[PDB]
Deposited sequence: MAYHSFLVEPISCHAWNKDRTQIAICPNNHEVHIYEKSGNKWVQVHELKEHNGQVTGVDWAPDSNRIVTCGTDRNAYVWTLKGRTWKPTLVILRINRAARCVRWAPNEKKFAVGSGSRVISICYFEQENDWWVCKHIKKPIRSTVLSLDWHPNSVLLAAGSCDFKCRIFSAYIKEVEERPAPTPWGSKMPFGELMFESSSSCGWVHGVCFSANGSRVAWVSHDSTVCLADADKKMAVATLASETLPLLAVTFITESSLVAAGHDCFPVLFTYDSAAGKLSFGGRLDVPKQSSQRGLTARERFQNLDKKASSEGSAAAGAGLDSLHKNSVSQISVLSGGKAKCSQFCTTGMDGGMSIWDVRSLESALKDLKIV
């Protein structure tokens, strides 16, 4: 189920709670929000404020607020005022481009990875009425490429160009409280380094936490996918792909990973908790001169309905400017060899 919003890349996307509208950045300083009308897409909003390309967009469901970050180093939280979106500036206190951003589940703070080699955890103080932020610096040595929050809204996973997937703690007591002990550790003060991959290869293009967040997976440039299990002393299972690097990854269950990247199509990975072994059971895009829906690298992939616990539909945007919607069950019927989890 493919739709082309344009022939240039979709830098990133974000959906509202009802999956009624989607935010996209088309290689632009802008953010276009489309809404569905029957079976057509209609542009309804245009968020112009960034003076640089938007590299990350996240939509907080309940509070219905949009957060964006660009190469101009800024980050505006967008609030809906009747018929318009108003941006509120948020000083990230960085000197390089912001590369990514994600609201926390509790919607009380959002994180921004950047080329300043730090992650900016932002939150609001209803006291002095504005957005502040603390930095998680050490031991980050390069640009942070991707973020994902743990369900408890405190732990944070990060993949950066220093070939590492790490889990920190963005505990901001000014807006929440003593995180409940996790298999990832009891002590969780701010910025504490909870976990860190060991391979010194491939930029970590994308990282993702499981539904309960006791498992974390990430895809690197060395064409490999990994999943570290917190119920197994953080053991890490790796599967070296025979094809090009994956740029995005997400759990569709507690043992099924779906990813896409430079090969231009989604694939399925399954985790065998017992043997602690990842397996490839993928390629869901089964049928310019390409036999795949997207005609350029797929750079993002989000869960559309069913959570990461039992995903039913998932979205993929890519450098071709296309947006695809994939139905998990639908796929299970078109391919008999399919095995979720």
Going by C-alpha coordinates, which parts of the deposited sequence are missing from this model? 1, 289 to 318
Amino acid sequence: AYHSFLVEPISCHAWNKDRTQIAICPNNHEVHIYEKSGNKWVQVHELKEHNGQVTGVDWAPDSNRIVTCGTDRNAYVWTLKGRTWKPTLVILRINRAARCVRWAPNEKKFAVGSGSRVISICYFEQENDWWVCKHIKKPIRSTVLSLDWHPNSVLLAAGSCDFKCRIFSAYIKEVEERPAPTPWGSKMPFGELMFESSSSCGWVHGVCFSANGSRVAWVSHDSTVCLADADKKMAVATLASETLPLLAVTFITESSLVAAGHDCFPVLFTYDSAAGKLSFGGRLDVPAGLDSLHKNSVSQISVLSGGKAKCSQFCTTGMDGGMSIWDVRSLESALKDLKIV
From here on, numbers count along this sequence of modelled residues.
Mean CA temperature factor from the deposited coordinates, higher in 172 to 180 or in 143 to 151? 172 to 180
Taking the mean of the C-alpha B-factors per stretch from the entry, tell me the winner out of 232 to 240 and 92 to 100. 232 to 240
Selection from 186, 114, 220, 250 [criterion: highest C-alpha temperature factor in the record]: 186
In terms of CA temperature factor as recorded, identify the highest of 298, 286, 54, 303. 286
Sorting the chain's CA B-factors, does residue 273 end up in the lowest, middle or highest third? highest
Entry-reported C-alpha B-factor of residue 106 relative to its chain, by third, is middle
What third of the chain, by the recorded C-alpha B-factor, contains residue 260? lowest
Among the modelled residues of its chain, does the C-alpha B-factor of residue 196 lie in the lowest, middle or highest third? middle
For residue 6, the third of its chain into which the C-alpha B factor falls: lowest
